[PDB]
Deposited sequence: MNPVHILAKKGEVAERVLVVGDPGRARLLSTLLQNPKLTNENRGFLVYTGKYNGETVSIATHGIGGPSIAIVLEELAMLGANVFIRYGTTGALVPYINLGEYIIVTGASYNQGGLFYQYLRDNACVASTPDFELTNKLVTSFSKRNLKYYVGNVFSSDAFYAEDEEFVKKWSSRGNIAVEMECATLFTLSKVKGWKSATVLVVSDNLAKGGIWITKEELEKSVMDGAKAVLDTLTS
């Protein structure tokens, strides 16, 4: 690997991936004896223990191309189970800020990265691992956290204008919008990794936040070590 410079044995098989390096550092506090194993290119990676298991928390930056690079290199270092923990904008009225969304699939526009990996324009089912996702639901339910289960649209252009945005994507079965779930799910299916995702609603297109991010992180870490 040329972006994540951690040595083999420094990355755990179980990894919690976040887009914001700042969140990676903040969540490392939930691990026992956390150690920084990479800082190159801003991709902070911490490794420690939790619930009798070794786990790593890694930064993936923003966008499909960026997360694909991080997942590929972490895998080269031993990782094989990834749970995405990010933020999202809800596309439906009833979901409130600070609540969570457990992702069941990802809609996306074809092209670029997908074409290079799949070699044609087939719409391959972009879904998380069945069992891992159910473990997430169980964990969030045990911690009495309010969540919704559903598909999300993985956008590549956060600023491209679309006057029909909310109605378009929500009418297509998506309850939220984010940017890297489709890449995570599809690449994992091709590579044989087990992946899932949970998002914190930080906006609704249709301190309390710190509490939300922290609460959800504990639930994800429980899932990763169960």
query	finding
Chain regions without C-alpha coordinates, deposited sequence numbering	1 to 2, 209 to 216
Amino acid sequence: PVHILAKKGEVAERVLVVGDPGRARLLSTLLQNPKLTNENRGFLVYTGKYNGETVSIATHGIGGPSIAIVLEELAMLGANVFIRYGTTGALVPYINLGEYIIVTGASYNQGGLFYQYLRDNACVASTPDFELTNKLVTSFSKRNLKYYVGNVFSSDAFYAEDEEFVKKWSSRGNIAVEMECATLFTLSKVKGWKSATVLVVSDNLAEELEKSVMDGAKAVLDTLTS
From here on, numbers count along this sequence of modelled residues.
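So that the term is clear: the rigid core is the largest set of C-alpha atoms that superpose within 1.5 Å between two forms.
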| item | value |
| --- | --- |
| Comparing 157 to 165 and 170 to 178 where Cα RMS over structures and residues is taken in 8 other deposited structures of this protein (core fit), larger one | 157 to 165 |
| Mean C-alpha temperature factor, higher of 38 to 46 and 193 to 201 | 38 to 46 |
| Residue range whose averaged C-alpha B-factor is higher in the record, 20 to 28 or 7 to 15 | 7 to 15 |
| Residue of maximum C-alpha B factor among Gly61, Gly52, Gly173, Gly64, per deposited coordinates | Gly52 |
| Out of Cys123, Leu97, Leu118, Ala106, highest CA B-factor residue | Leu97 |
| Third of the chain, ranked by Cα B-factor, where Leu145 sits | highest |
| Lowest, middle or highest third - CA B-factor, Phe165 | middle |
| Lowest, middle or highest third - CA B-factor, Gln110 | highest |
| CA B-factor placement of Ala79, once the chain's modelled residues are sorted into thirds | middle |
| Third of the chain, ranked by Cα B-factor, where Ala90 sits | middle |
